[PDB]
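A.B. asks: Below you'll find the structure I mean.
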Amino acid sequence: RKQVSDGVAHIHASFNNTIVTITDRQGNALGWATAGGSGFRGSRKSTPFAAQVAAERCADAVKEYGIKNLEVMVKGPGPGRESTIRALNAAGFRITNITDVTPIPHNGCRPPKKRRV
Amino acid sequence: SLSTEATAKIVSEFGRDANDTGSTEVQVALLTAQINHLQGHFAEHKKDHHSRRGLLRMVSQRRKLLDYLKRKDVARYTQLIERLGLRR
Amino acid sequence: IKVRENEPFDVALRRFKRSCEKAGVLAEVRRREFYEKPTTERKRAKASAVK
Amino acid sequence: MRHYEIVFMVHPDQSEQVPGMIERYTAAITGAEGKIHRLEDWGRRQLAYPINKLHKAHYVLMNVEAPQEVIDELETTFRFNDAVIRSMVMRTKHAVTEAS
Amino acid sequence: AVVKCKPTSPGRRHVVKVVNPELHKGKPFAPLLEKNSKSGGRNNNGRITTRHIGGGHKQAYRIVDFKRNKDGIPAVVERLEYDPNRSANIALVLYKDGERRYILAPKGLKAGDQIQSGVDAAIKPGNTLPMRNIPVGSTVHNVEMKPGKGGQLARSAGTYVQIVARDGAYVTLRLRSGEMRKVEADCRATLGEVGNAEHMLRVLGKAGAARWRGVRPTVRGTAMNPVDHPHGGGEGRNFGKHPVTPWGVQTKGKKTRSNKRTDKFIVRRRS
Amino acid sequence: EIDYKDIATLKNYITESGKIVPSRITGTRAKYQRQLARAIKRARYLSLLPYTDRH
RNA sequence: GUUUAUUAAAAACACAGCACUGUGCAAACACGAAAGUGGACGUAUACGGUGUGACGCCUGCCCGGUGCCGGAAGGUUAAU
RNA sequence: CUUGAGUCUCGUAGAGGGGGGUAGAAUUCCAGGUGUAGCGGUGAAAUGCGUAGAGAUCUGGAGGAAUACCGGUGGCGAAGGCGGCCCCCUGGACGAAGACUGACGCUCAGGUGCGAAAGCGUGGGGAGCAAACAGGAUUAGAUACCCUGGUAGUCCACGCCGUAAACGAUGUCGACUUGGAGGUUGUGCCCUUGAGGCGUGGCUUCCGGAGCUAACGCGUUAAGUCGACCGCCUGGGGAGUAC
RNA sequence: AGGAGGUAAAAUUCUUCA
């Protein structure tokens, strides 16, 4: 089904799990893959390696469309922030662009408090 | 804060001449002018306390000036209250 | 923020984040709101910036 | 009677009406013995960010020495006029010329 | 404007008047009036179908137009009148043709405004036009469910609807109840909010203050006897029964909605 | 610097992200610093200086 | 204020108020085999049911049983 | 009479105050397209959410509140307190000279006004956050710390409350007394001929003298050295309570 | 060398007079 070549790599790494979704130049998502979905529960997925295999997981599910090259928009800090884009490149994808889209509000909502540990 | 047009105008009505703004009558005159101007200013908003003390300071200022004038020459005092229109 | 590499290389080389955003302004507006407490912190650090 | 920057931008579609705006504007001002020391029309210029959809707008610089009356009732015309997009009046500090 | 009377007498100290200065004082527009009698909670069979209906002060009907078909014809609001039949206020508008009609005077309405209906009417309170031309999100009241019928949604005071969807030839409206019902955009509507909102700020003050309104005393099922109400009579404040109607119908949660015809026009029930 | 329209002089006082560069680097003066920043704030509003590089 | 007309006029009932819940219109509900009508020529600040009963301070603990509001793998299961 | 204290001319800087608009990002809610068994969360899990299609992703819309970067022992005000941008209205402070009034001054019981947050009354609104409360964990016990939800409240108009570690824990005003390093705001002079050079005022920060103090320390803005006036304390608990 | 980020989870109590 289908046969694209240019897409996007919307990754969302956090302090718990890293979700990677390979979409097209339209933003409809062709296939995704999480660090937790491939196992690794708790601190297991809270590591850069969890995102590494996660990328390969999303890769081995989107190549069915013949995705040659695709952009990469990083979102959310935490682990698997750099190792993630380091996988797609080694997966055989022609990296083109890499832009950051981490939601940065100009001081609006009021963040939580409870964290006394 | 009271255009320079009104200020110079008042000075040439109470004092012997121009540049005589230092006169007691001139001061109490230019002060009351604002007290009546800002009078309408506070008529609106009414939530401007910071600028309220200023108006009060202006009145409390002329008030002490009246006691002084009334202290020295009494005639100049009456001829001022009836003209300027105040004290009741 | 963004990087448009040339051709002869694949390495990230995106060490720009470690000089602006990344966490220099993210970690700040992450935990407590502080408010007036920062002043004491900056004043304390500024007191150690002399010697 | 003080100075006002005034720098609004008309929608690219209503660019033919722009030359008319300056007419009524300058007219309403001169009507109250107003002034005018500068009037520039950079024309359809590029935008920095997608404002209210569409790219590139029609900027029209201005500089008038009108009183704090006819100027206050000027924005009401801009807001009511869906044609123009943005609007802004700035400081006073005497008058200027050319530049930009 | 809300007013709180003083304790000049019992049943008058708990009264909170809700008057309006910008409200006309006198007789309404005769040309737009009719009989409008009072039934009494009884049908053609003379049987009291609806309980708690009786008495009340004599009322008259006000010819109000909810369809708003006068398109391309501006109109000026002459004044604002009180409509007993409803909880909102009516506005006697005068179009440029010389025809007068009553309409649910919106929130930001005044005497001397220029309202108009049609697929060209400017997006403002007091104007009516199909939702197919009204921008999404626009708070609208007196919405219709069918193109040509008339406004039936959000007609009370302080109430309002908000368009929040499109898709196809329909649009989802966020009813004041919190439910989102789908209605074909072909249906017209009036931007802005309905009449006053201080209607819910009322508290009457006394019992007789509710009698001349059309409401009669309320009897409890526990006070009545078993032969009259399922809750039995008891022998000193007793119950032991389940909160039901005087006909054997569960209550306090027991839903009684059966349609299946308009369920499709529903997205998310209230909450 | 002395104005906001002179974007050709305020474009070298801001980083690539649009963030206003501190006086610690630019070595600008004191009074001229706030004025320089005040000018940028005005330009940004008039869509003269992008708030962020995300655009 | 109302009530056992004709042994009980009371602490009973009603009561403004408050709360829960049902109801998106051809409403719920009710009178009716049906039509139709009432509810309402009203539209959630509306209406119906229930409970309590101005106001002031407040209204705790408990979901097994009996109901109600949902979900659901498996099991049993009518007509045919 | 003029040196105190004021007025007047011109000019300069500012999150000072009040009112009315406006812009962007993000979060939440909602809708459409694509997509599918996970999502979310923690130290580890779980409650919760999802086959009525979440999360993720793309586009659009509404709403509330707060204004990233600038931003700093930086600025302003009597104190409390005060941060996007623009308009309107407005107080005070300060500087360069000259002129004028001529002690018109300082403080001040009563009294009066203002006065964070929280709370309360009559309404509206309500994204996020979040007492109480509800449901999961931790534990010997957990009416708490932790997690998932969440009302009042926070926001706005008006009317009250007038309470704080409301502090610089130092009342206000005036005069005098060795200095050094910076911030910030005017102004005079000089090939402006260096982005400066040479002086003079207001305000502010750190350190440091004498001196002062029990010590800590403060230290030209004093707790130093003096003068004026008001308030207040006389062991702690009782008690910021009782009448 | 200057700067930024990251980096600890909970775990009580111990008579009186010298």
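In the structure tokens, the first chain shown is A, the next is B, and so on; residue numbers restart at 1 for each chain, and ligands run from 1 in the order shown.
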Using only C-alpha atoms (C1' of nucleotides), which protein or nucleic acid residues come within 10 Å of residue 132 in chain E? Drop anything in the same chain fewer than 3 positions from it, and give the result as a list in words.

C.D. replies: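 Here the answer would be residues 119, 129, 135, 136, 166, 169, 170, 171, 184, 185, 186, 187, 188 and 189 of chain E.
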
A.B. asks: Within 8 Å of chain H, which residues of chain B are there when counting only C-alpha atoms (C1' of nucleotides)? Please give them as a tab-separated table (two decimals) with N, CA, C and O atoms, in the first residue's frame.

C.D. replies:
chain	number	residue	atom	x	y	z
B	19	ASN	N	6.22	87.06	37.40
B	19	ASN	CA	7.37	86.57	38.14
B	19	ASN	C	7.14	86.63	39.65
B	19	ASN	O	7.99	86.21	40.43
B	20	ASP	N	5.98	87.14	40.05
B	20	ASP	CA	5.63	87.25	41.46
B	20	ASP	C	4.75	86.07	41.87
B	20	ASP	O	3.83	86.21	42.67
B	21	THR	N	5.05	84.90	41.31
B	21	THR	CA	4.30	83.68	41.61
B	21	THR	C	4.57	83.21	43.03
B	21	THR	O	3.84	82.38	43.57
B	22	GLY	N	5.63	83.75	43.64
B	22	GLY	CA	5.97	83.36	44.99
B	22	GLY	C	4.96	83.85	46.02
B	22	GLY	O	4.86	83.29	47.11
B	23	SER	N	4.21	84.88	45.66
B	23	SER	CA	3.20	85.45	46.55
B	23	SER	C	2.30	84.37	47.12
B	23	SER	O	2.02	83.36	46.46
B	24	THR	N	1.83	84.58	48.35
B	24	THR	CA	0.95	83.63	49.01
B	24	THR	C	-0.35	83.45	48.24
B	24	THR	O	-0.83	82.33	48.05
B	27	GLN	N	0.16	81.26	45.09
B	27	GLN	CA	0.28	79.85	45.40
B	27	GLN	C	-1.08	79.24	45.70
B	27	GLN	O	-1.53	78.32	45.01
B	41	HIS	N	-11.20	64.69	38.17
B	41	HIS	CA	-10.37	63.54	37.85
B	41	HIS	C	-10.73	62.37	38.76
B	41	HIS	O	-10.90	61.24	38.30
B	45	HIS	N	-12.86	56.95	37.96
B	45	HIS	CA	-11.88	55.99	38.48
B	45	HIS	C	-12.16	55.72	39.95
B	45	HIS	O	-12.61	54.63	40.32
B	47	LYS	N	-10.47	54.83	42.11
B	47	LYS	CA	-9.62	53.77	42.63
B	47	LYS	C	-8.15	54.18	42.60
B	47	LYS	O	-7.25	53.36	42.78
B	48	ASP	N	-7.92	55.47	42.35
B	48	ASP	CA	-6.56	56.01	42.29
B	48	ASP	C	-6.17	56.58	43.65
B	48	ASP	O	-6.34	57.78	43.90
B	49	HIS	N	-5.65	55.72	44.52
B	49	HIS	CA	-5.24	56.13	45.86
B	49	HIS	C	-3.87	56.80	45.87
B	49	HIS	O	-3.65	57.79	46.57
B	50	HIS	N	-2.94	56.25	45.09
B	50	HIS	CA	-1.59	56.79	45.01
B	50	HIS	C	-1.60	58.27	44.65
B	50	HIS	O	-0.88	59.07	45.27
B	51	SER	N	-2.40	58.64	43.67
B	51	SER	CA	-2.50	60.03	43.24
B	51	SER	C	-3.46	60.81	44.13
B	51	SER	O	-3.61	62.02	43.99
B	52	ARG	N	-4.12	60.10	45.04
B	52	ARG	CA	-5.07	60.73	45.95
B	52	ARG	C	-4.34	61.50	47.05
B	52	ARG	O	-4.74	62.62	47.39
B	54	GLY	N	-1.65	62.87	46.81
B	54	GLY	CA	-1.09	64.06	46.19
B	54	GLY	C	-2.06	65.22	46.27
B	54	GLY	O	-1.68	66.33	46.65
B	64	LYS	N	-2.32	75.27	55.25
B	64	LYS	CA	-1.32	75.85	56.14
B	64	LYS	C	-0.92	77.23	55.64
B	64	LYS	O	-0.51	78.09	56.41
B	65	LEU	N	-1.04	77.44	54.33
B	65	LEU	CA	-0.70	78.72	53.71
B	65	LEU	C	-1.76	79.76	54.07
B	65	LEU	O	-1.45	80.95	54.20
B	68	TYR	N	-1.25	81.08	57.59
B	68	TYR	CA	-0.13	82.02	57.60
B	68	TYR	C	-0.59	83.39	57.14
B	68	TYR	O	-0.35	84.40	57.81
B	69	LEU	N	-1.24	83.43	55.98
B	69	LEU	CA	-1.73	84.69	55.43
B	69	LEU	C	-2.70	85.31	56.42
B	69	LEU	O	-2.65	86.52	56.68

A.B. asks: Restrict the distance test to only C-alpha atoms (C1' of nucleotides), flag each residue of chain F within 9 Å of chain H, and return the flagged residues as number ranges by chain.

C.D. replies: F: 18-22, 30-31, 34, 37-38, 41-42, 45, 51

A.B. asks: For the selection just defined, write its residues with N, CA and C atoms to a file, as a PDB file, in the first residue's frame.

C.D. replies:
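Once written, result01.pdb looks like this:
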ATOM      1  N   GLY F  18      16.758  34.877  18.153  1.00  0.00           N
ATOM      2  CA  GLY F  18      15.977  36.085  18.335  1.00  0.00           C
ATOM      3  C   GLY F  18      16.117  36.663  19.728  1.00  0.00           C
ATOM      4  N   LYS F  19      16.657  35.864  20.643  1.00  0.00           N
ATOM      5  CA  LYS F  19      16.850  36.294  22.022  1.00  0.00           C
ATOM      6  C   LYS F  19      17.788  37.497  22.088  1.00  0.00           C
ATOM      7  N   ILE F  20      17.404  38.503  22.864  1.00  0.00           N
ATOM      8  CA  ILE F  20      18.211  39.709  23.012  1.00  0.00           C
ATOM      9  C   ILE F  20      19.548  39.396  23.675  1.00  0.00           C
ATOM     10  N   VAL F  21      20.633  39.768  23.006  1.00  0.00           N
ATOM     11  CA  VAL F  21      21.977  39.530  23.524  1.00  0.00           C
ATOM     12  C   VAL F  21      22.273  40.472  24.687  1.00  0.00           C
ATOM     13  N   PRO F  22      22.801  39.932  25.798  1.00  0.00           N
ATOM     14  CA  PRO F  22      23.130  40.731  26.980  1.00  0.00           C
ATOM     15  C   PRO F  22      24.285  41.701  26.742  1.00  0.00           C
ATOM     16  N   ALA F  30      24.989  51.272  29.346  1.00  0.00           N
ATOM     17  CA  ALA F  30      23.883  51.025  30.267  1.00  0.00           C
ATOM     18  C   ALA F  30      22.576  51.580  29.718  1.00  0.00           C
ATOM     19  N   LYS F  31      22.484  52.903  29.659  1.00  0.00           N
ATOM     20  CA  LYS F  31      21.291  53.575  29.163  1.00  0.00           C
ATOM     21  C   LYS F  31      20.949  53.129  27.747  1.00  0.00           C
ATOM     22  N   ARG F  34      18.915  49.398  27.618  1.00  0.00           N
ATOM     23  CA  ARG F  34      17.466  49.359  27.762  1.00  0.00           C
ATOM     24  C   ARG F  34      16.787  49.933  26.525  1.00  0.00           C
ATOM     25  N   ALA F  37      16.933  47.413  23.837  1.00  0.00           N
ATOM     26  CA  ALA F  37      15.967  46.355  24.100  1.00  0.00           C
ATOM     27  C   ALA F  37      14.551  46.864  23.853  1.00  0.00           C
ATOM     28  N   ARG F  38      14.300  48.108  24.251  1.00  0.00           N
ATOM     29  CA  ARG F  38      12.990  48.723  24.076  1.00  0.00           C
ATOM     30  C   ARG F  38      12.659  48.846  22.592  1.00  0.00           C
ATOM     31  N   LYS F  41      11.664  45.329  21.195  1.00  0.00           N
ATOM     32  CA  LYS F  41      10.312  44.984  21.617  1.00  0.00           C
ATOM     33  C   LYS F  41       9.274  45.596  20.681  1.00  0.00           C
ATOM     34  N   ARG F  42       9.541  46.816  20.226  1.00  0.00           N
ATOM     35  CA  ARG F  42       8.631  47.511  19.324  1.00  0.00           C
ATOM     36  C   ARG F  42       8.664  46.883  17.934  1.00  0.00           C
ATOM     37  N   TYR F  45       6.753  43.515  17.611  1.00  0.00           N
ATOM     38  CA  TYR F  45       5.311  43.701  17.510  1.00  0.00           C
ATOM     39  C   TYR F  45       4.908  44.047  16.080  1.00  0.00           C
ATOM     40  N   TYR F  51      10.156  36.812  17.020  1.00  0.00           N
ATOM     41  CA  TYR F  51      10.330  36.493  18.433  1.00  0.00           C
ATOM     42  C   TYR F  51      11.183  35.242  18.602  1.00  0.00           C
TER      43      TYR F  51
END

A.B. asks: List the neighbours of residue 50 in chain H out to 9 Å using only C-alpha atoms (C1' of nucleotides); skip same-chain residues closer than 3 positions along the sequence, and give me the result as a list in words.

C.D. replies: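 Selected residues are residues 37, 38, 39, 53, 54 and 55 of chain H.
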
A.B. asks: Looking at H:31, H:226, H:79, H:88, which one is nearest to residue 68 in chain D, with distances taken over only C-alpha atoms (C1' of nucleotides)?

C.D. replies: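 For residue 68 in chain D, the nearest of the candidates is H:88.
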
A.B. asks: Can I get the residues of chain F within 10 Å of chain C, each with the closest pair of atoms and their distance in Å to one decimal, using only C-alpha atoms, sorted chain first then ascending number, as a Markdown table?

C.D. replies:
| residue | atom | partner | partner_atom | distance |
| --- | --- | --- | --- | --- |
| F:15 | CA | C:20 | CA | 9.5 |
| F:16 | CA | C:1 | CA | 8.8 |
| F:17 | CA | C:1 | CA | 7.5 |
| F:19 | CA | C:20 | CA | 9.2 |
| F:53 | CA | C:1 | CA | 7.9 |
| F:54 | CA | C:1 | CA | 8.5 |

A.B. asks: Could you write those residues out with C-alpha atoms, as a PDB file, in the first residue's frame?

C.D. replies:
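This went into selection.pdb:
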ATOM      1  CA  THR F  15      21.132  35.931  18.721  1.00  0.00           C
ATOM      2  CA  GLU F  16      20.091  33.581  15.917  1.00  0.00           C
ATOM      3  CA  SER F  17      17.091  32.479  17.987  1.00  0.00           C
ATOM      4  CA  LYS F  19      16.850  36.294  22.022  1.00  0.00           C
ATOM      5  CA  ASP F  53      13.622  31.150  15.049  1.00  0.00           C
ATOM      6  CA  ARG F  54      10.859  28.537  14.921  1.00  0.00           C
TER       7      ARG F  54
END

A.B. asks: I'd like to know which residues of chain D are alpha helix (DSSP H) (by DSSP, run on the backbone); could you write them as an mmCIF file with N, CA and C atoms, in the first residue's frame?

C.D. replies:
data_model
loop_
_atom_site.group_PDB
_atom_site.id
_atom_site.type_symbol
_atom_site.label_atom_id
_atom_site.label_comp_id
_atom_site.auth_asym_id
_atom_site.auth_seq_id
_atom_site.Cartn_x
_atom_site.Cartn_y
_atom_site.Cartn_z
ATOM 1 N N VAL D 18 -6.056 51.161 -0.327
ATOM 2 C CA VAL D 18 -5.046 51.762 0.537
ATOM 3 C C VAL D 18 -4.764 53.220 0.172
ATOM 4 N N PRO D 19 -4.527 53.503 -1.122
ATOM 5 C CA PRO D 19 -4.252 54.885 -1.535
ATOM 6 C C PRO D 19 -5.396 55.828 -1.174
ATOM 7 N N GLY D 20 -6.569 55.252 -0.929
ATOM 8 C CA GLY D 20 -7.722 56.053 -0.570
ATOM 9 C C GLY D 20 -7.752 56.311 0.923
ATOM 10 N N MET D 21 -7.330 55.317 1.698
ATOM 11 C CA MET D 21 -7.302 55.432 3.151
ATOM 12 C C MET D 21 -6.525 56.672 3.574
ATOM 13 N N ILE D 22 -5.315 56.811 3.047
ATOM 14 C CA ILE D 22 -4.459 57.947 3.362
ATOM 15 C C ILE D 22 -5.181 59.264 3.093
ATOM 16 N N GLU D 23 -6.106 59.245 2.139
ATOM 17 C CA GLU D 23 -6.868 60.438 1.787
ATOM 18 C C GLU D 23 -7.779 60.867 2.932
ATOM 19 N N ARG D 24 -8.729 60.006 3.289
ATOM 20 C CA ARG D 24 -9.661 60.305 4.371
ATOM 21 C C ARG D 24 -8.927 60.542 5.685
ATOM 22 N N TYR D 25 -7.880 59.758 5.925
ATOM 23 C CA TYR D 25 -7.097 59.888 7.147
ATOM 24 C C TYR D 25 -6.476 61.277 7.242
ATOM 25 N N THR D 26 -5.723 61.654 6.214
ATOM 26 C CA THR D 26 -5.076 62.959 6.179
ATOM 27 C C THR D 26 -6.121 64.069 6.170
ATOM 28 N N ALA D 27 -7.280 63.776 5.587
ATOM 29 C CA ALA D 27 -8.366 64.746 5.507
ATOM 30 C C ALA D 27 -8.969 65.004 6.884
ATOM 31 N N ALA D 28 -9.329 63.928 7.578
ATOM 32 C CA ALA D 28 -9.920 64.033 8.908
ATOM 33 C C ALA D 28 -8.984 64.772 9.859
ATOM 34 N N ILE D 29 -7.682 64.602 9.649
ATOM 35 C CA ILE D 29 -6.681 65.252 10.486
ATOM 36 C C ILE D 29 -6.596 66.740 10.170
ATOM 37 N N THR D 30 -6.359 67.062 8.903
ATOM 38 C CA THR D 30 -6.258 68.449 8.471
ATOM 39 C C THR D 30 -7.554 69.202 8.753
ATOM 40 N N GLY D 31 -8.645 68.453 8.902
ATOM 41 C CA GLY D 31 -9.929 69.067 9.177
ATOM 42 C C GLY D 31 -9.936 69.777 10.516
ATOM 43 N N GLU D 75 -8.257 54.606 15.884
ATOM 44 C CA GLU D 75 -8.136 53.160 16.010
ATOM 45 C C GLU D 75 -9.501 52.507 15.832
ATOM 46 N N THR D 76 -10.544 53.216 16.249
ATOM 47 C CA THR D 76 -11.907 52.718 16.134
ATOM 48 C C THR D 76 -12.243 52.458 14.672
ATOM 49 N N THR D 77 -11.612 53.221 13.785
ATOM 50 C CA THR D 77 -11.833 53.078 12.351
ATOM 51 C C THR D 77 -11.046 51.886 11.822
ATOM 52 N N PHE D 78 -9.876 51.650 12.409
ATOM 53 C CA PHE D 78 -9.022 50.541 12.002
ATOM 54 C C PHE D 78 -9.623 49.215 12.451
ATOM 55 N N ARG D 79 -10.077 49.168 13.697
ATOM 56 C CA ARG D 79 -10.675 47.960 14.252
ATOM 57 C C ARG D 79 -11.959 47.612 13.507
ATOM 58 N N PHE D 80 -12.744 48.635 13.182
ATOM 59 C CA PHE D 80 -13.996 48.448 12.466
ATOM 60 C C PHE D 80 -13.724 48.020 11.027
#

A.B. asks: Show which residues sit within 12 Å of residue 220 in chain E, as a list in words. Count only C-alpha atoms (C1' of nucleotides), and ignore same-chain residues fewer than 6 positions away.

C.D. replies: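 Near neighbours after the sequence-gap exclusion: residues 226, 228, 229, 230, 231, 232, 233, 237, 239, 243, 244, 245 and 246 of chain E; 13, 14, 49, 50, 51, 52 and 53 of chain G.
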
A.B. asks: Please save C-alpha atoms (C1' of nucleotides) of the selected residues as a PDB file, in the first residue's frame.

C.D. replies:
ATOM      1  CA  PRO E 226     -50.179   4.611  50.247  1.00  0.00           C
ATOM      2  CA  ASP E 228     -52.526   7.968  46.978  1.00  0.00           C
ATOM      3  CA  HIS E 229     -48.739   7.790  46.641  1.00  0.00           C
ATOM      4  CA  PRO E 230     -46.509   4.660  46.454  1.00  0.00           C
ATOM      5  CA  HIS E 231     -44.357   6.104  49.246  1.00  0.00           C
ATOM      6  CA  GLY E 232     -47.135   5.040  51.596  1.00  0.00           C
ATOM      7  CA  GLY E 233     -48.400   7.117  54.493  1.00  0.00           C
ATOM      8  CA  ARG E 237     -42.249  10.132  59.243  1.00  0.00           C
ATOM      9  CA  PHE E 239     -40.438   5.721  54.159  1.00  0.00           C
ATOM     10  CA  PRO E 243     -37.717   7.358  45.490  1.00  0.00           C
ATOM     11  CA  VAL E 244     -40.314   6.976  42.738  1.00  0.00           C
ATOM     12  CA  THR E 245     -43.117   8.968  41.123  1.00  0.00           C
ATOM     13  CA  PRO E 246     -46.781   8.702  42.233  1.00  0.00           C
TER      14      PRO E 246
ATOM     15  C1'   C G  13     -49.915  20.374  55.793  1.00  0.00           C
ATOM     16  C1'   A G  14     -48.356  24.252  52.918  1.00  0.00           C
ATOM     17  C1'   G G  49     -40.343  13.886  40.272  1.00  0.00           C
ATOM     18  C1'   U G  50     -38.284  13.420  45.148  1.00  0.00           C
ATOM     19  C1'   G G  51     -36.328  15.281  49.801  1.00  0.00           C
ATOM     20  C1'   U G  52     -35.701  18.899  53.234  1.00  0.00           C
ATOM     21  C1'   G G  53     -37.928  23.113  55.022  1.00  0.00           C
TER      22        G G  53
END

A.B. asks: Would you please work out which residue, of H:194, H:237, H:128, H:123, is nearest to residue 158 in chain H when using only C-alpha atoms (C1' of nucleotides)?

C.D. replies: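 Smallest distance to residue 158 in chain H is found for H:123.
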
A.B. asks: Could you list, with a cut-off of 10 Å and counting only C-alpha atoms (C1' of nucleotides), the residues of chain G near chain E, each shown with its nearest atom pair and the distance in Å rounded to one decimal, rows sorted by chain and ascending number, as a Markdown table?

C.D. replies:
| residue | atom | partner | partner_atom | distance |
| --- | --- | --- | --- | --- |
| G:1 | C1' | E:207 | CA | 9.4 |
| G:12 | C1' | E:223 | CA | 9.6 |
| G:13 | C1' | E:223 | CA | 8.2 |
| G:14 | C1' | E:217 | CA | 6.4 |
| G:15 | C1' | E:207 | CA | 5.3 |
| G:16 | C1' | E:206 | CA | 4.1 |
| G:17 | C1' | E:203 | CA | 7.6 |
| G:20 | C1' | E:252 | CA | 6.9 |
| G:21 | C1' | E:252 | CA | 4.3 |
| G:22 | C1' | E:255 | CA | 6.0 |
| G:23 | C1' | E:257 | CA | 7.8 |
| G:24 | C1' | E:181 | CA | 7.5 |
| G:25 | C1' | E:152 | CA | 8.3 |
| G:27 | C1' | E:257 | CA | 8.7 |
| G:28 | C1' | E:256 | CA | 6.6 |
| G:29 | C1' | E:50 | CA | 8.2 |
| G:30 | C1' | E:49 | CA | 4.7 |
| G:31 | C1' | E:49 | CA | 6.2 |
| G:32 | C1' | E:45 | CA | 9.6 |
| G:36 | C1' | E:44 | CA | 9.0 |
| G:37 | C1' | E:43 | CA | 5.6 |
| G:38 | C1' | E:43 | CA | 4.0 |
| G:39 | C1' | E:50 | CA | 5.7 |
| G:41 | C1' | E:36 | CA | 8.7 |
| G:42 | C1' | E:86 | CA | 7.3 |
| G:43 | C1' | E:155 | CA | 5.7 |
| G:44 | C1' | E:177 | CA | 5.7 |
| G:45 | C1' | E:200 | CA | 4.3 |
| G:46 | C1' | E:156 | CA | 6.9 |
| G:48 | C1' | E:50 | CA | 8.2 |
| G:49 | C1' | E:245 | CA | 5.7 |
| G:50 | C1' | E:243 | CA | 6.1 |
| G:51 | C1' | E:220 | CA | 8.4 |
| G:54 | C1' | E:14 | CA | 7.9 |
| G:55 | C1' | E:14 | CA | 9.2 |
| G:67 | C1' | E:242 | CA | 7.9 |
| G:68 | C1' | E:253 | CA | 6.0 |
| G:69 | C1' | E:253 | CA | 6.8 |

A.B. asks: Between CA of residue 134 in chain E and CA of residue 117 in chain E, what is the distance in Å, rounded to a tenth?

C.D. replies: 11.9 Å

A.B. asks: Out of H:30, H:94, H:147, H:229, which residue has the shortest atom-to-atom distance to chain A when counting only C-alpha atoms (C1' of nucleotides)?

C.D. replies: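 Counting only C-alpha atoms (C1' of nucleotides), the residue closest to chain A is H:147.
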
A.B. asks: Compile the contact shell of residue 60 in chain B as a list in words: residues with an atom at most 12 Å away, counting only C-alpha atoms (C1' of nucleotides), same-chain residues fewer than 5 positions apart removed.

C.D. replies: residues 28, 31, 32, 35, 53, 54, 55, 65, 66 and 67 of chain B

A.B. asks: May I have the residues from that selection written out with N, CA and C atoms, as an mmCIF file, in the first residue's frame?

C.D. replies:
data_model
loop_
_atom_site.group_PDB
_atom_site.id
_atom_site.type_symbol
_atom_site.label_atom_id
_atom_site.label_comp_id
_atom_site.auth_asym_id
_atom_site.auth_seq_id
_atom_site.Cartn_x
_atom_site.Cartn_y
_atom_site.Cartn_z
ATOM 1 N N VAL B 28 -1.744 79.749 46.736
ATOM 2 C CA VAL B 28 -3.058 79.257 47.130
ATOM 3 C C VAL B 28 -4.017 79.255 45.942
ATOM 4 N N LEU B 31 -2.872 76.427 43.443
ATOM 5 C CA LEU B 31 -3.094 75.151 44.113
ATOM 6 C C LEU B 31 -4.563 74.762 44.021
ATOM 7 N N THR B 32 -5.439 75.703 44.362
ATOM 8 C CA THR B 32 -6.875 75.468 44.318
ATOM 9 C C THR B 32 -7.308 75.111 42.899
ATOM 10 N N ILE B 35 -6.843 71.528 42.575
ATOM 11 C CA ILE B 35 -7.778 70.885 43.489
ATOM 12 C C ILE B 35 -9.168 70.813 42.868
ATOM 13 N N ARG B 53 -3.290 60.906 47.592
ATOM 14 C CA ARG B 53 -2.513 61.552 48.642
ATOM 15 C C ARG B 53 -1.924 62.850 48.108
ATOM 16 N N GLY B 54 -1.649 62.872 46.806
ATOM 17 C CA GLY B 54 -1.091 64.060 46.189
ATOM 18 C C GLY B 54 -2.059 65.224 46.268
ATOM 19 N N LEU B 55 -3.313 64.970 45.907
ATOM 20 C CA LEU B 55 -4.345 65.997 45.947
ATOM 21 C C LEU B 55 -4.547 66.464 47.382
ATOM 22 N N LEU B 65 -1.041 77.438 54.327
ATOM 23 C CA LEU B 65 -0.705 78.717 53.715
ATOM 24 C C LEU B 65 -1.757 79.760 54.073
ATOM 25 N N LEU B 66 -2.997 79.308 54.231
ATOM 26 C CA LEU B 66 -4.097 80.198 54.580
ATOM 27 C C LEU B 66 -3.940 80.698 56.010
ATOM 28 N N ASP B 67 -3.559 79.797 56.910
ATOM 29 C CA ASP B 67 -3.365 80.150 58.312
ATOM 30 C C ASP B 67 -2.261 81.191 58.442
#

A.B. asks: I need the chain H residues near chain E as a PyMOL selection string; criterion: at most 10 Å, counting only C-alpha atoms (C1' of nucleotides).

C.D. replies: chain H and resi 30-32+52+60-62+122-124
